[PDB]
């Protein structure tokens, strides 16, 4: 029987979070650090995310705005730099690891002057300002939250969207069930689990897409656009 929730795989919630915090504190503040030794796939990733996002930027009644985005689990700002800053007037970043947000100020260069808020906080403790963001981008971090905290964070995110705003999740997906990585202290969830969580947060899918051109050995990665 596959596991269907984090409550089947997490022995101790406080340790699940504290171990993850310690893990990221000892990762170098680099693209290869953000990508777990896969820094080389960054351009494939960014190109695909851009195309995915541009779907929602077309003129018409539901056009997503371009005033402000929120990068969640932003790290040093890999995605902020190459995807979001070019498209959004301002960007806010949130991440638990202070050293990454400090590095971001260097990594982002001159364009980084348009990063407004650098929030150093776990997502589980973060309440984005209501009616503030056109796009909330959540990539390679949902496995760090329990199902309850993920559902709650998504509800809070919903409350922070501007009219026509969207949430984008892009992350590793398991073929089946909920799989614990006890080294980085994270989980990988199957598509049915993630969709369940999204539904419980009062959100709906606008689109879902598998990431192409990835190394064969890694978990499949999917993007979901939500409102």
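Positions refer to the first chain, counted from 1.
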Comparing 99-107 with 115-123, which stretch shows the greater average C-alpha B-factor in the deposited entry? 99-107
Between 65-73 and 38-46 (mean CA B-factor, as deposited), the higher: 38-46
Can you tell me which of 159, 33, 202, 165 has the highest Cα temperature factor in the record? 33
How does the C-alpha B factor of residue 195 compare with the rest of the chain: lowest, middle or highest third? middle
Within-chain third of residue 183 by Cα B-factor, per the entry: highest
Split the chain's modelled residues into thirds by Cα B-factor; is residue 1 in the lowest, middle or highest one? highest
In terms of the CA temperature factor given in the entry, to which third of its chain does residue 174 belong: lowest, middle or highest? highest
